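Asker:
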Amino acid sequence: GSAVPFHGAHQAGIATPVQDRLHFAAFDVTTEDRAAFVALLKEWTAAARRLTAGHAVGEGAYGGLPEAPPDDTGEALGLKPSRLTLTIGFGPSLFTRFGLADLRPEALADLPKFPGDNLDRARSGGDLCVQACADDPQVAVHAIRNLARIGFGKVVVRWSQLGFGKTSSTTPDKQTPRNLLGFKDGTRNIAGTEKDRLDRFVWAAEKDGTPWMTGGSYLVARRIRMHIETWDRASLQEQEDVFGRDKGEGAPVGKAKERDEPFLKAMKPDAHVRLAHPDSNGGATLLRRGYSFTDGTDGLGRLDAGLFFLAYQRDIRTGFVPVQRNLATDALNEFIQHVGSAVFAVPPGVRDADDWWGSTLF
Amino acid sequence: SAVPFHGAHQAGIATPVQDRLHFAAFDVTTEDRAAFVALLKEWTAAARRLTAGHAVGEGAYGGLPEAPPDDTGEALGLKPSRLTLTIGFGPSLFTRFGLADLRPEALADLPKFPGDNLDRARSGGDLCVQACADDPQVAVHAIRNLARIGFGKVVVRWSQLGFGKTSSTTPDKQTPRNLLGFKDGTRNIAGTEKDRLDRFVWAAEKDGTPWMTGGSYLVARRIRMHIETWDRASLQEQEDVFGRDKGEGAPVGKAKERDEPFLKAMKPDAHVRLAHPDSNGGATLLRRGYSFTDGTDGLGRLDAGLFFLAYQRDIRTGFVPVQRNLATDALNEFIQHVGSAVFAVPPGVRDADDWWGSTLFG
Ligand code: HEM
Ligand code: HEM
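Chains as they are written, first to last, in PDB author numbering: chain A, 55 to 416; chain B, 56 to 417.
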């Protein structure tokens, strides 16, 4: 139920304990007026400080002038903050606007085409994103809906994705959640307590080349459909061999406990864990923060199921790209398809009550 | 933590409203009555396991390596989470298996209502399973595994995820708010009101269809909200649509949510005034719906609304008269019914030897 502090050197919703629910929206910018966009960033930041404390935006949800629309849409009245975090990111396409071309970080790389990609252009890209995570889905929807309303005329929602349940962990002391393939997902991540690893692998440093990004991060989002029909007819041995961990405990093959260290040479050469492990990728390490989704049926008599994969890293070129390139031969490829993609530069934190989202860029 | 599966009635109607919903409609692909009976029995055995927080069949792991696991494993480590699974039979089922003369008269086809825009792909269905639980992964796991068990005899026609309150953060005697920001459920049948359930919800032997005694009839309507239109309405316009104020949810001219309405103080086409039993010859419903938010549509608008579920003793004397009276509802400006289905929900599973549909099939 508790609030997560909004202010800091970093944005919340990265290193923060992973909340149960996601509402992710990508927006395109429709104004060419730099001042109007800056004004929106400040208004959004004011709104975020209310939302993340469990207060209504503006003058509230009722008790205003009868003849005016309420400032807050009202559907979160009476609810707790529910660990709401709101994390903003800027897409490569933003930097074609407002005279920003030379401020595009080098670490904000366009992804190459990967084998098996089938990206829907409508559900890819975006000038900016707001990741809303909370333990209560209504708290999350309310936040996105109110930001979008505030931004009417200046931004439009390009695409959105709801995540019903987490498939990631930044808290190794708590139970690791399972994805819809039935495997624990997040055992070997970066914990929010591992300050050293976060500095090394997640946060952008001044020396990395883009001063406005110091204390920020870079985000890859991949919408991945799961072929659950195909998977569910696979044997238990096939499923475990795909990953290199057992299904029940989620231990590395041959070992007894989830958190025992993998012995990679005992795994199949195309096992997912073997291919994705930092030791297989010159040390490349990622903060995974994904969620599961289901968007109805596929119209062929089956449930639609997927994973909305979210990875944070210090540089896309040294994080997600080398790892996913190594997954070219992954056994898991038989059971998944990447159907949406976007990258974002996640700026530094809102330092105090006088700061605002994007202040270091603008 | 768990809701008993067995009883004179199915759970998931009069039992406490859980925080999450996964509702699936299925179509039957077999013509063999024996094969369908066999499926109902296997489903009933699976439901008994699922609602006690156990895996289906021989489990999710620890079987024969070369066999697919019986349970897909994504609920391992979760609690039962007050899961209830409620089955219903659509009118189209009765054209199979020689059941045409056992269709209840109370299982009426709905008339076309003014402003209906029903998507045929997200309407109807031979049968439904309503899975309610506090943890949406428990609900999804249930649906996924029933669908798997039934593969070859049934397919999933459509499905819907929903949310109500989050019980860990929100007191249970608090009325939830719908996505228009109004309290929703203040004047409803409560599962404590045994005599009102007998009068208005449960089918009786004398009603004309003996196999349905202790069952009920379900109407499902997928009702989209025009969120962005609504949010531009004045507070006075919003309150005038309902006949209650937004902050407290009191009837106009009254002070508290639970004060009894004075219908003449409301506008003639206010929703509460039109839907109230006194405006409908005493017709009263048990509402048990959930909010949804599915994502954003092609225009950048929020695909959100109310997955409305009503239980009643007879569709002709419950939903039909009430929805007919909403022809002129002030709310119609802001909503559209886009999917519909009706089901006969049979009596409960009496004990460990009984099975879903036993009173119909023998
Ligand atoms: C539907 C898609 C995927 C599924 C089901 C999945 C599943 C898993 C599972 C079960 C683990 C083992 C437990 C763990 O340490 O988290 C794992 C580990 C991992 N995955 Fe994936 N994953 C998927 C996609 C991806 C993608 C797209 C990437 C990166 C490009 C990735 C990178 C990793 C990494 C880095 C690990 C940890 C390896 C280690 O250090 O031991 N995964 N995944
Ligand atoms: C999106 C669609 C709808 C919304 C947002 C909505 C909202 C509300 C709200 C705010 C109330 C007042 C509080 C309470 O629950 O008592 C209400 C009452 C009610 N609604 Fe609706 N409703 C919708 C659709 C329907 C439909 C389709 C029916 C039935 C056909 C219906 C039947 C009722 C009834 C029977 C009451 C209680 C009236 C009374 O006895 O005081 N509603 N609804």
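Here a beta-carbon is modelled for each residue, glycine too, at the ideal position from N, C-alpha and C.
Does the CB of residue 195(A) have a neighbour CB from chain B at under 8 Å?
Answerer: Start at 1 with the first residue of the first sequence, and residue 195(A) comes out as number 141. Yes, residue 195(A) lies at the interface with chain B (some Cβ there is under 8 Å from its Cβ).
Asker: Given residue 146(A), which residues of its chain have a CB within under 7 Å of its CB, disregarding the five upstream and five downstream residues?
Answerer: As a working note, residue 146(A) is residue 92 in the first sequence. Contacts found: 158, 162, 164, 397.
Asker: Following the continuous alpha helix (DSSP H) through residue 285(A), name the residue where it begins and the one where it ends.
Answerer: To locate residue 285(A), count along the first sequence from 1; it is residue 231. Residue 285(A) -> alpha helix (DSSP H) spans 282 to 286.
Asker: Return yes when at least one heavy atom of ligand 1 lies under 7 Å from the C-beta of residue 172(A), else no.
Answerer: Looking up residue 172(A) in the first sequence gives position 118. Residue 172(A): no, Cβ never under 7 Å from ligand 1.
Asker: To the nearest angstrom, how far is it from the Cα of residue 261(A) to the Cα of residue 242(A)?
Answerer: Translated into the one-based positions of the first sequence, residue 261(A) becomes position 207. Translated into the one-based positions of the first sequence, residue 242(A) becomes position 188. Answer to the nearest angstrom: the Cα atoms are 28 Å apart.
Asker: Please list the partners that residue 232(A) has in chain B, where partner means a Cβ-to-Cβ separation under 9 Å.
Answerer: Your numbering for residue 232(A) matches position 178 in the first sequence. Result: 128, 129, 130, 131, 132, 133, 192.
Asker: Give me the DSSP bridge partner(s) of residue 358(B).
Answerer: As a working mapping, residue 358(B) is identified with position 303 in the second sequence. Note: residue 358(B) sits in a beta bridge opposite 350(B).
Asker: Could you tell me which chain A residues have their CB closer than 9 Å to the CB of residue 210(B), listed as they occur along the chain?
Answerer: Taking the first residue of the second sequence as 1, we reach residue 210(B) at position 155. Per Cβ cutoff of 9 Å: 351, 354, 355, 356.
Asker: Sorry if obvious, but does the Cβ on residue 167(A) come closer than 7 Å to a heavy atom of ligand 1?
Answerer: Here residue 167(A) refers to the residue found at position 113 of the first sequence. Residue 167(A): no, Cβ never under 7 Å from ligand 1.
Asker: Thinking C-beta only, is residue 244(A) closer than 8 Å to residue 357(A)?
Answerer: Mapped onto the first sequence, residue 357(A) falls at position 303. Mapped onto the first sequence, residue 244(A) falls at position 190. Taking 8 Å as the Cβ cut-off, residue 357(A) and residue 244(A) do not qualify as a contacting pair.
Asker: Which bits of chain A does residue 118(B) rub up against, with CB to CB less than 8 Å?
Answerer: Taking the first residue of the second sequence as position 1, residue 118(B) is located at position 63. Those within 8 Å of residue 118(B) in chain A are 290.
Asker: Over the uninterrupted alpha helix (DSSP H) stretch that includes residue 98(B), give me the two end residues.
Answerer: The residue given as residue 98(B) occupies position 43 in the second sequence. Its alpha helix (DSSP H) spans residues 88 to 105.
Asker: Spell out whether any CB of chain A is found under 8 Å from the CB atom of residue 174(B).
Answerer: To locate residue 174(B), count along the second sequence from 1; it is residue 119. So no, residue 174(B) is outside the interface.
Asker: From what residue to what residue does the beta strand (DSSP E) around residue 194(B) run?
Answerer: Position 139 of the second sequence, counting from 1, holds the residue named residue 194(B). Where residue 194(B) is concerned, there is no enclosing beta strand (DSSP E), although the alpha helix (DSSP H) it sits in stretches over 191 to 204.
Asker: Beta-carbon of residue 213(A) versus every beta-carbon of chain B: anything under 8 Å?
Answerer: Start at 1 with the first residue of the first sequence, and residue 213(A) comes out as number 159. It does: the Cβ of residue 213(A) has a partner Cβ on chain B nearer than 8 Å.
Asker: How about residue 348(A): is its C-beta nearer than 8 Å to some C-beta of chain B?
Answerer: The residue you call residue 348(A) lines up with position 294 of the first sequence. True, the Cβ-Cβ gap to chain B drops below 8 Å.
Asker: Give the range of the beta strand (DSSP E) segment to which residue 212(B) is assigned.
Answerer: Translated into positions along the second sequence, residue 212(B) becomes position 157. Counting along the chain, the beta strand (DSSP E) containing residue 212(B) begins and ends at 209 to 218.
Asker: Quickly, what does DSSP pair residue 76(B) with across the bridge? List them, please.
Answerer: Position 21 of the second sequence, counted from the start, is the residue given in the question as residue 76(B). Residue 76(B) pairs with 187(B), 217(B).
Asker: Output needed in chain order: residues of the region 234 to 255 of chain B with a Cβ under 8 Å from some Cβ in chain A.
Answerer: Cβ contacts with chain A come from 234, 235, 236, 237.
Asker: For the region 175 to 187 of chain A, enumerate the residues whose C-beta is nearer than 7 Å to any C-beta of chain B, in chain order.
Answerer: Here the close residues number zero.
Asker: Rounded to whole angstroms, what is the Cα-Cα separation between residue 133(A) and residue 307(A)?
Answerer: Numbered from its first residue, the first sequence carries residue 133(A) at position 79. Numbered from its first residue, the first sequence carries residue 307(A) at position 253. Cα to Cα, residue 133(A) sits roughly 44 Å from residue 307(A).
Asker: For residue 205(B), collect the residues of the same chain with a Cβ closer than 6 Å to its Cβ; drop the 5 residues on either side in sequence, then sort them by chain order.
Answerer: On the second sequence, residue 205(B) is found 150 positions in, with the first residue counted as 1. So the list reads 94, once near-sequence residues are dropped.
Asker: Note down, one range per segment and in chain order, each beta strand (DSSP E) of at least 3 residues found wholly within the region 131 to 159 of chain B.
Answerer: Runs of the beta strand (DSSP E) inside the region 131 to 159 of chain B: 139 to 144.
Asker: Since residue 121(A) meets chain B, which of its residues come closer than 7 Å, beta carbon to beta carbon?
Answerer: In the first sequence, counting from the first residue as 1, residue 121(A) sits at position 67. What residue 121(A) touches in chain B: 289, 291.
Asker: Am I right that residue 422(B) and residue 346(B) are in contact with their C-beta atoms under 8 Å? What's the rounded C-beta distance?
Answerer: Not covered by the structure: residue 422(B). The range shown for chain B is 56 to 417.
Asker: Curious, which full-length beta strand (DSSP E) runs of at least 3 residues does the region 240 to 284 of chain B contain?
Answerer: List check, beta strand (DSSP E) in window: 271 to 280.
Asker: Less than 6 Å between C-beta atoms, sequence neighbours within five positions excluded: which residues of the same chain meet that for residue 363(B)?
Answerer: Position 308 of the second sequence, counting from 1, holds the residue named residue 363(B). Cβ within range, chain order: 276, 278, 344.
Asker: So with CB distances below 8 Å, who are the chain B contacts of residue 226(A)?
Answerer: Counting from 1 along the first sequence, the entry for residue 226(A) is found at position 172. Under the 8 Å cutoff, chain B gives no residues; its nearest Cβ is about 15 Å from residue 226(A).
Asker: Determine the DSSP secondary structure at residue 318(A), reduced to helix, strand or coil.
Answerer: Looking up residue 318(A) in the first sequence gives position 264. Reduced to three states, the DSSP call for residue 318(A) is helix.
Asker: What residue range does the alpha helix (DSSP H) around residue 374(A) cover?
Answerer: As a first step, residue 374(A) is located in the first sequence; it is residue number 320 there, counting from the start. Taken as a continuous stretch (DSSP letters only), the alpha helix (DSSP H) holding residue 374(A) covers 374 to 380.
Asker: Within a Cβ cutoff of 6 Å, which residues of the same chain sit near residue 320(B), ignoring the five residues on either side of it in sequence?
Answerer: Stepping through the second sequence from its first residue, residue 320(B) is reached at position 265. Contacts found: 307, 308.
Asker: Going along chain A in order, which residues have a C-beta closer than 7 Å to the C-beta of residue 199(B)?
Answerer: On the second sequence, residue 199(B) is found 144 positions in, with the first residue counted as 1. Ordered by position in chain A, the residues that pass the 7 Å Cβ test against residue 199(B) are 357.
Asker: Compute every distance between the C-beta of residue 280(A) and the non-hydrogen atoms of ligand 1, then say whether any falls below 7 Å.
Answerer: Walking along the first sequence from the start, residue 280(A) turns up at place 226. At least one heavy atom of ligand 1 is nearer than 7 Å to the Cβ of residue 280(A), so yes.
Asker: Between residue 129(B) and residue 236(A), is the Cβ-Cβ spacing less than 8 Å?
Answerer: Taking the first residue of the second sequence as 1, we reach residue 129(B) at position 74. Taking the first residue of the first sequence as 1, we reach residue 236(A) at position 182. Yes, the Cβ-Cβ distance between residue 129(B) and residue 236(A) is below 8 Å.
Asker: Against chain B, with Cβ distances strictly below 8 Å, would residue 101(A) count as a contact?
Answerer: The sequence position of residue 101(A) within the first sequence is 47, counting from 1. Judged by the 8 Å Cβ criterion, residue 101(A) is not in contact with chain B.
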